[PDB]
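As structure tokens, one chain now follows by itself in the form deposited in one PDB entry.
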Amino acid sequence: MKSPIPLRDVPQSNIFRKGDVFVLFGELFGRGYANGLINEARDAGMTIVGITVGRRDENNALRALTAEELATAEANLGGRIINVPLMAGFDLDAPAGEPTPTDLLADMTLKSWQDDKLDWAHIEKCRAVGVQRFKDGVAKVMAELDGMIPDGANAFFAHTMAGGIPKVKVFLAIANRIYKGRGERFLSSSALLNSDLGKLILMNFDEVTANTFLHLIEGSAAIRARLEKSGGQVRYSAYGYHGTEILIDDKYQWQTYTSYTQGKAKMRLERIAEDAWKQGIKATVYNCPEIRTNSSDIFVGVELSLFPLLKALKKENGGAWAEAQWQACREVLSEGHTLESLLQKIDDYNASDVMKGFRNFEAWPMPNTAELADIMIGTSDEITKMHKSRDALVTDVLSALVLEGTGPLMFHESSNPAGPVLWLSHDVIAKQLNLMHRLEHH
């Protein structure tokens, strides 16, 4: 697409009932986006089922969960977990006794990594082994799930998977320079992406963040057909990131965190949804706002995009509850610092020529720059130092609100989706949150 495809109106329809089955295709963590959606599924009375990625033994081989592990995971999910290790990516896959891609990274150093070259034939061999492992896993899971979804049921498959970062020591050093580095410690995104290391990482990102959705859609085809033929409905959702419209100069304008390294994989995810949609499959990627979760915590500055949600809460027919949210955010700031000052510093940030330059949709994701690093990391740091405690942040409050709002948006839109790719920006999320709280006054 050449511009965002916004969802503007709060959806009101629902087809899901007791007996219908919600499948979490990913693991549920605290602060995770999926919390919003799964709670909706739970309150609609759906049967909750999920997958596990399994665990690694110390021979670094994949294993299913133990009884104890499974019980814990199932209590955390609030439903059954199918005990098959559905770990995506190929960074730890290889033919028996041969190096993994991770092994091939083992002798890269801080001095050598930009120029180190990889045996791409071997990496391709590993990719094939890993991909076939994941497909075989998906077939296992779908075989078991098929027996759990009766004829006539509706099924909701919710994809959440994103990742593919290799567990090697050199990369997090490189990462701290790319994501947090200023001045002489700045390292451009391009430096990583042009290296063989970066190329490998991007291949893994495509596998985990994008191709897993395709494997979900293909792997569940028999179930889909049987349900569709027996009066059921089937839906697929995925969490996308492709920038977000936020209030800049009292207008909702698309912007993004830069540089979003998963960007190529997220656009491949979108393409998978579009291809499936043309085949009559109801698959939708929901491009959701920047928040702080386990997967985005490292992206220092990503959270700068979230603060103007406060202004959206007021703009979208905010009343007493929105005012209470402002009060809540005021309370975590140190005496002498006002929420107004915080928000003005964010408006100043988006007003800057440097930041205005990154509002280029067609160029997304753009490479970062030293100027970007200085203003983004500087601003993020300043705002964090406005807080009473660095463990109680305005962004904690606001990230929880976005979970809460995107939940019903995705759950209800999936009953009758407008298209294969939809943006949930601050406008529609604020509308949803104010509407949910229309009875909470004072």
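Start at 1 and count along the sequence shown; that's the residue number. Definition used throughout: the rigid core is the maximal C-alpha set that superposes within 1.5 Å between two forms.
Keep in mind that the form deposited in another entry is missing from the display, and what follows is about it.
The residue among 298, 173, 139, 320 whose Cα moves by 2 angstroms or more between the shown form and the other one, once the core is superposed, is 298. Remark: with the core as the superposition reference, the CA shift of residue 31 between the shown form and the other one reaches 2 Å or more. In that other deposited form, the Cα positions of residue 294 and residue 325 lie at least 3 Å nearer to each other than in the form displayed. In summary, the C-alpha positions of residue 295 and residue 362 diverge in that other deposited form, ending up at least 3 angstroms farther from each other than in this conformation.
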